[PDB]
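Read the structure below first, then the notes.
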Number of protein chains: 2
Amino acid sequence: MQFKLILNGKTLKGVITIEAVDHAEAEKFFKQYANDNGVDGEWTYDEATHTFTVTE
Amino acid sequence: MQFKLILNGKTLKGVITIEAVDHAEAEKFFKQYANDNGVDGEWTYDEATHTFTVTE
Ligand code: NI
């Protein structure tokens, strides 16, 4: 299902949409996306939006 | 499966194990647990242990 992640970092801004199976898959997938492109921070999650964000 | 919650709060420390259906309902049980018992802070998640943390 549709899960979204907002990469609100220093240099880069972003919004990614995926169709992962659940909160579990979407979560690890986004931990790895943010890590691979160099934004790491605290993760916020709204379950009304199915939207993760990571803020630096 | 057994999901865990590490409550790192100013005064209170805690560790809860529950048997919620998935990462989703465990995380919401832990969200409404955290406010219901009055800890507000930053959440990190370990997928090796099935273990949430909130550090106030
Ligand atoms: Ni999560």
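Ordering of the structure tokens sets the chain letters (A, B, ...); residue numbers start at 1 within each chain; ligands are numbered from 1 in the order shown.
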| request: Considering only C-alpha atoms, return as a list in words whatever protein or nucleic-acid residues lie within 10 Å of residue 27 in chain A, sequence-local ones (same chain, fewer than 2 positions apart) excluded. | output: residues 3, 4, 5, 20, 22, 23, 24, 25, 29, 30, 31, 32, 33, 43, 45, 51 and 52 of chain A; 23, 45 and 47 of chain B
How would the residues just picked look written out with N, CA and C atoms as an mmCIF file, in the first residue's frame?
```
data_model
loop_
_atom_site.group_PDB
_atom_site.id
_atom_site.type_symbol
_atom_site.label_atom_id
_atom_site.label_comp_id
_atom_site.auth_asym_id
_atom_site.auth_seq_id
_atom_site.Cartn_x
_atom_site.Cartn_y
_atom_site.Cartn_z
ATOM 1 N N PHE A 3 2.746 4.175 0.939
ATOM 2 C CA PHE A 3 3.436 4.843 2.032
ATOM 3 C C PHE A 3 4.344 5.933 1.461
ATOM 4 N N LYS A 4 4.435 7.058 2.165
ATOM 5 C CA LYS A 4 5.164 8.235 1.716
ATOM 6 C C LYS A 4 6.232 8.595 2.745
ATOM 7 N N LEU A 5 7.319 9.231 2.304
ATOM 8 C CA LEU A 5 8.381 9.662 3.215
ATOM 9 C C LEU A 5 8.806 11.048 2.780
ATOM 10 N N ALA A 20 4.581 -0.131 -0.379
ATOM 11 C CA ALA A 20 5.099 -1.223 0.433
ATOM 12 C C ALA A 20 3.958 -1.984 1.109
ATOM 13 N N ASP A 22 3.374 -2.902 4.255
ATOM 14 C CA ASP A 22 2.855 -2.436 5.537
ATOM 15 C C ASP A 22 3.775 -1.350 6.078
ATOM 16 N N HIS A 23 3.469 -0.906 7.305
ATOM 17 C CA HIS A 23 4.351 0.007 8.025
ATOM 18 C C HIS A 23 5.743 -0.588 8.192
ATOM 19 N N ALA A 24 5.840 -1.908 8.368
ATOM 20 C CA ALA A 24 7.138 -2.540 8.585
ATOM 21 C C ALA A 24 8.057 -2.370 7.378
ATOM 22 N N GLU A 25 7.625 -2.891 6.223
ATOM 23 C CA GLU A 25 8.415 -2.794 4.991
ATOM 24 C C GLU A 25 8.710 -1.342 4.629
ATOM 25 N N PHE A 29 12.487 0.251 4.402
ATOM 26 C CA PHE A 29 12.837 0.802 3.091
ATOM 27 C C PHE A 29 13.226 2.270 3.194
ATOM 28 N N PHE A 30 12.499 3.043 4.008
ATOM 29 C CA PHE A 30 12.835 4.452 4.126
ATOM 30 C C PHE A 30 14.076 4.672 4.987
ATOM 31 N N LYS A 31 14.274 3.879 6.047
ATOM 32 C CA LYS A 31 15.524 3.993 6.788
ATOM 33 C C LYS A 31 16.707 3.858 5.835
ATOM 34 N N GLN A 32 16.612 2.899 4.892
ATOM 35 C CA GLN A 32 17.702 2.633 3.948
ATOM 36 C C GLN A 32 17.816 3.713 2.874
ATOM 37 N N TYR A 33 16.684 4.276 2.415
ATOM 38 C CA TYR A 33 16.740 5.365 1.433
ATOM 39 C C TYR A 33 17.447 6.575 2.013
ATOM 40 N N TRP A 43 12.808 10.229 13.125
ATOM 41 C CA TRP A 43 11.726 9.864 12.243
ATOM 42 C C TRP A 43 10.415 10.202 12.933
ATOM 43 N N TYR A 45 6.148 9.860 12.314
ATOM 44 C CA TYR A 45 5.217 9.075 11.520
ATOM 45 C C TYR A 45 3.789 9.502 11.803
ATOM 46 N N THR A 51 2.428 8.450 6.252
ATOM 47 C CA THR A 51 3.533 9.316 5.849
ATOM 48 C C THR A 51 4.568 9.325 6.961
ATOM 49 N N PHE A 52 5.744 8.778 6.664
ATOM 50 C CA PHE A 52 6.941 8.982 7.459
ATOM 51 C C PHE A 52 7.577 10.292 7.024
ATOM 52 N N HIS B 23 3.976 -4.475 13.374
ATOM 53 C CA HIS B 23 4.634 -3.212 13.700
ATOM 54 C C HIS B 23 3.619 -2.081 13.841
ATOM 55 N N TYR B 45 13.520 3.017 16.537
ATOM 56 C CA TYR B 45 12.986 1.655 16.434
ATOM 57 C C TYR B 45 14.069 0.686 16.011
ATOM 58 N N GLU B 47 14.620 -3.149 14.686
ATOM 59 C CA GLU B 47 13.954 -4.264 14.018
ATOM 60 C C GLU B 47 14.595 -5.605 14.340
#
```
| said: Can you pull out the residues contacting residue 39 in chain A? Cut-off 12 Å, using only C-alpha atoms, and skip same-chain residues under 5 positions away; I want them as a list in words. | reply: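 Listed by chain and then number, they are residues 6, 7, 8, 9, 10, 11, 12, 13, 14, 30, 31, 32, 33, 34, 53, 54, 55 and 56 of chain A.
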Can I get the selected residues back with C-alpha atoms, as a PDB file, in the first residue's frame?
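Heads up, here's the output in part.pdb:
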```pdb
ATOM      1  CA  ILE A   6       9.337  13.340   3.428  1.00  0.00           C
ATOM      2  CA  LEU A   7      13.102  13.878   3.522  1.00  0.00           C
ATOM      3  CA  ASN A   8      13.366  17.275   5.148  1.00  0.00           C
ATOM      4  CA  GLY A   9      17.103  17.633   5.515  1.00  0.00           C
ATOM      5  CA  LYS A  10      19.787  20.290   5.364  1.00  0.00           C
ATOM      6  CA  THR A  11      20.802  20.511   1.703  1.00  0.00           C
ATOM      7  CA  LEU A  12      18.172  18.265   0.094  1.00  0.00           C
ATOM      8  CA  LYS A  13      14.377  18.303   0.293  1.00  0.00           C
ATOM      9  CA  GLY A  14      12.285  15.378  -0.902  1.00  0.00           C
ATOM     10  CA  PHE A  30      12.835   4.452   4.126  1.00  0.00           C
ATOM     11  CA  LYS A  31      15.524   3.993   6.788  1.00  0.00           C
ATOM     12  CA  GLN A  32      17.702   2.633   3.948  1.00  0.00           C
ATOM     13  CA  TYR A  33      16.740   5.365   1.433  1.00  0.00           C
ATOM     14  CA  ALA A  34      17.512   8.214   3.790  1.00  0.00           C
ATOM     15  CA  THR A  53       9.196  12.021   7.604  1.00  0.00           C
ATOM     16  CA  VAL A  54      12.862  12.230   8.610  1.00  0.00           C
ATOM     17  CA  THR A  55      14.099  15.569   9.957  1.00  0.00           C
ATOM     18  CA  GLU A  56      17.761  16.572  10.249  1.00  0.00           C
TER      19      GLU A  56
END
```
| query | So what do you get for CA of residue 1 in chain A versus CA of residue 21 in chain A, distance-wise? | reply | 5.6 Å
Based on DSSP run over this structure's backbone, return all residues of chain A in alpha helix (DSSP H), as a compact mmCIF listing (two decimals) with C-alpha atoms, in the first residue's frame.
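This is the output file out20.txt:
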```
# COMPACT_ATOMS: atom_id res chain seq x y z
CA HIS A 23 4.35 0.01 8.02
CA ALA A 24 7.14 -2.54 8.59
CA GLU A 25 8.41 -2.79 4.99
CA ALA A 26 7.85 0.91 4.29
CA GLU A 27 9.77 1.78 7.46
CA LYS A 28 12.91 -0.22 6.78
CA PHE A 29 12.84 0.80 3.09
CA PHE A 30 12.83 4.45 4.13
CA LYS A 31 15.52 3.99 6.79
CA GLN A 32 17.70 2.63 3.95
CA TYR A 33 16.74 5.36 1.43
CA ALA A 34 17.51 8.21 3.79
CA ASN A 35 20.73 6.49 4.85
CA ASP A 36 21.87 5.81 1.27
CA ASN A 37 21.58 9.48 0.25
```
| field | From B:15, B:2, B:46, B:38, residue lying nearest chain A [only C-alpha atoms] | value |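 For chain A, the nearest of the candidates is B:46.
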